[PDB]
């Protein structure tokens, strides 16, 4: 479940969850804490070099949108809010602090983002289904969170399904319509050769190239696209999500050079 006991909390604090930056960051919540009412996603990020933990399709949409922005430097998901601070805020605001079976819970903000330049050098985001904004308890918890970041002087915003760009939405539908395929060492080994092909065919349409690649190497119909699709869904390949994937040119795809730490 998503609720923690006093020992579970203390234990997570010990392993330093919520601490670190970039590749050293460890999220407070993991896909193991995904609510039974949703779907989780584990996705690789070129910006952080980490495999992130997203607990809903909505969080996935926000993550992909953030990873697309050139100015984003770090993305820290499931960022924990200091209990002593939220404890005091609840008291001052007249709100019952989040608690499960008598155990005060550690609150978390879905994303804490750091940017290299631009309008906001740092901002926080809480993701919520729009319908949830009509729920009184949801609103109370959002107020606690709002006050927390206001206290820290860090801009905080709420993002709902209604803020997802329409093209981004259709791309996620296609990319994640079904259960994300597991990335084998064989599939991971395709990043390098695929990167070279996409590099020279930079000016050509990605779907055409995938098909021409199947014809060339006499591969099974739709083989190359299926590989690209799996690597993209897992994050090893990112593209211009604001444009239908089928409309992306090969130069729009960014392929990461990764080493399967299985050997070394």
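Numbering follows the first chain given and starts at 1.
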According to the deposited model, is the average Cα temperature factor higher in 143-151 or in 86-94?
86-94
Per the PDB entry, mean CA B-factor is higher for 75-83 or 173-181, namely for 173-181
Per the entry, which of 136, 161, 186, 110 tops the list for Cα B factor?
186
Between 27, 49, 222, 235, which carries the biggest CA temperature factor in the record?
222
Quick tally, chain-level thirds of C-alpha B-factors: residue 211 sits in the highest
By its CA B factor, does residue 229 count among the lowest, middle or highest third of the modelled residues in the chain?
middle
Is residue 124 in the lowest, middle or highest third of its chain when residues are ranked by C-alpha B-factor?
lowest
Of the three thirds of Cα B-factor ranks in this chain, residue 103 occupies the middle
Select lowest, middle or highest to describe the third in which the CA B-factor of residue 70 falls within its chain in this entry.
middle
